[PDB]
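**Q** here are the coordinates; sequence isn't available:
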RNA sequence: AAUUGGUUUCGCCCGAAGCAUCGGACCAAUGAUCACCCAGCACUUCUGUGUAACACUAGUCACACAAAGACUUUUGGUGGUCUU
Ligand SMILES: [Mg+2]
């Protein structure tokens, strides 16, 4: 059901976060979010988004969340894919993925809703 | 005449488990010291993407860009050495 480009990225940084015990460089996380097409990869992106939040504090002792521009780009990834239920989770104040709510995410949701006419 | 069993002690042969002492051996971990790889805090962008004025639709600032950069410094890994 998912795509191979996001699957082979996903298992790669899961192998890095669980076996090598070093955090993966953010370039491949970004190339994971740039390659999402169908409905059935954003849950694997959420699994990665959860594992990285775990590892950043667990090993590297990093307390803050993912940053605001990353919130906008994961919002635009999910809303261009079309999963509205997964996209609206990006504005949640209490989430396991560390997605700080912002305004640009709601702007992207309202832009898609403008195009979709709901 | 011959004959059967003990019990104690001493000299030789072999050496179960064990404690002791050496020896290679970086065996398996731990500590130290080198390097190498990500990432973070400071930063600079002619880089893309959003907020807010204005200007008629372009500019100007605020941001995070991780998108790079290059000295530092830290967290975690990796690979060598300690008269091991
Ligand atoms: Mg013996």
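**A** Arrived safely, thanks for sending. Numbers count the residues shown, from 1 in each chain, chains lettered A, B, ... in the order given.
**Q** Could I get the full set of strands for chain A?
**A** In chain A, no segments count as strands under DSSP state E.
**Q** Could you pick out the longest helix of it?
**A** helix A:42-58 (DSSP state H).
**Q** Which residues does stretch A:28-47 contact?
**A** The contact list for stretch A:28-47, computed with Cβ atoms under 8 Å, 6 or more residues apart in numbering, reads A:1-3, A:5-7, A:9-10, A:12-14, A:48, A:52, A:73-74, A:77-78, A:81-83, A:86, A:97. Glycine gets a C-beta too; all of them are placed from N, C-alpha and C.
**Q** And residue A:4, how close does it get to residue A:80?
**A** According to Cβ to Cβ, to the nearest Å, residue A:4 stands 19 Å off from residue A:80.
**Q** which bits of chain A sit near RNA strand B?
**A** Residues of chain A lying close to RNA strand B by Cβ under 7 Å from any atom of the strand are A:20-27, A:29-30, A:59-62, A:67-70, A:72-73, A:76, A:103-104, A:107-108.
**Q** Which parts of chain A are helices?
**A** Using DSSP H, helices in chain A cover A:4-15, A:26-33, A:42-58, A:68-81, A:84-87, A:104-116.
**Q** Can you report how many residues neighbour the closest residue in space to residue A:62 that isn't next to it in sequence?
**A** With Cβ to Cβ, 6 or more residues apart in numbering as the criterion, residue A:62 has its nearest non-adjacent residue at 4.1 Å, and that residue is residue A:56. Residue A:56 has 17 neighbouring residues, counting by other Cβ atoms under 10 Å.
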